[PDB]
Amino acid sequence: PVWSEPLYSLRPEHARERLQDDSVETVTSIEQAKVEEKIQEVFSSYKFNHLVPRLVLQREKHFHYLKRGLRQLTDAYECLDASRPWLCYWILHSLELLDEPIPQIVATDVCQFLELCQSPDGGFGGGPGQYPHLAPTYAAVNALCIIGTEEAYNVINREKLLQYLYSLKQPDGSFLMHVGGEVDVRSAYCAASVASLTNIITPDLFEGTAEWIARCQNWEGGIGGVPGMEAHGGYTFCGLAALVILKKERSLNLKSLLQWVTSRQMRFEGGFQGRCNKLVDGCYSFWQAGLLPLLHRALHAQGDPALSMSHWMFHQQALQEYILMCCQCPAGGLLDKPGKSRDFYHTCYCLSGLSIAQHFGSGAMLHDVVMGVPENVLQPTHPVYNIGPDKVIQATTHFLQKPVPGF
């Protein structure tokens, strides 16, 4: 019909999705109301300006932003001097989603830099001469896999990597993030991620790990950083994804988990929040929404017959709308929420989440939903590693040609 608004956020019923504070005001409701007011303006801007909405992903702008960053950054990124492999990963993966090729001179230059970041005793550091750390180690491995050349693969010292992992392993099943460092669920994920891709998993490496992760699920249904902590989208993604790698998803109560994450999508904004009664944020478009392809695959492996055959169990349309309308910077790059500044982290994960929302797949079934112009469609991403599904297969196959260190 002519009167029918094709955009979910702009329909008149949508106004009913605003916060109801029951006339009881607290810091939480006040802050939530501020955000909703700002998002409402974005939605209403087309009406007040008397224009028909058009949702366009600013590919060219984002490309320039990334292309430059891959070489040079302002001193605004001094606070990330210990996370430079992350910067390599975020930027390469963004380009990959946008389907932009990586010049071979760039690829070789990335490889050489990561070699300087690699520790003599295994793992990668945040920069040359810095001690090894599991987070930048995860980022480095992912970047080399995106590049995917023989040169890239050979950078990783597999013997030492395994030794490094062992030195971090705890008796209770967890891993330190680094020597003399802290423990939380992220470290289990980082370890499982690099260990599986490079084929260095021994019979005992992950003894007790699935059980320790299972202790992190709480009364909310989601997963916390350590046993006893509030459930959070970042830690929940890491936990489930690690379990999937270890083939132990069933150690969790998948049902309470599913109910928790689906509740994390904001009815008004359309994006995801990181925990109950906090604010929406573009990066959760991946950490939170990325859980649904994981649950689908897990529940299906248990023969769940009620599973939809064309959609993930979240509002794909509304998420795309939030990202496209609220999370783009006009000059290129993406962001947390309106009023916030762009950065390579949010560029990586907003696009990752967008891809998830565009692409559904379960064995033989395939179905896409692309909001706005068709040029918006991105390359797909793997829900466990957050790199191209092809790059995952390519890497795993290649390293399977080697024997697990020590045989």
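So that there is no doubt, residue numbering starts at 1 and follows the sequence shown.
Mean CA temperature factor is higher for 297-305 when stretches 297-305 and 157-165 are set side by side in the entry. Set 225-233 against 117-125 and average the Cα temperature factors; 117-125 ends up higher. Per the deposited record, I102 carries the highest C-alpha B-factor of all listed residues (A210, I102, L291, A195). Sort the chain's modelled residues by C-alpha temperature factor and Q316 lands in the middle third, per the entry. Placement of the Cα temperature factor of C327 within the chain: middle third of the modelled residues, per the deposited record. In the PDB entry, a CA B factor belonging to the lowest third of its chain's modelled residues is recorded for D343.
Per the deposited record, the Cα B-factor of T108 falls in the highest third when ranked against the other modelled residues of its chain. In the deposited entry, the Cα temperature factor of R71 places it in the middle third of its chain's modelled residues.
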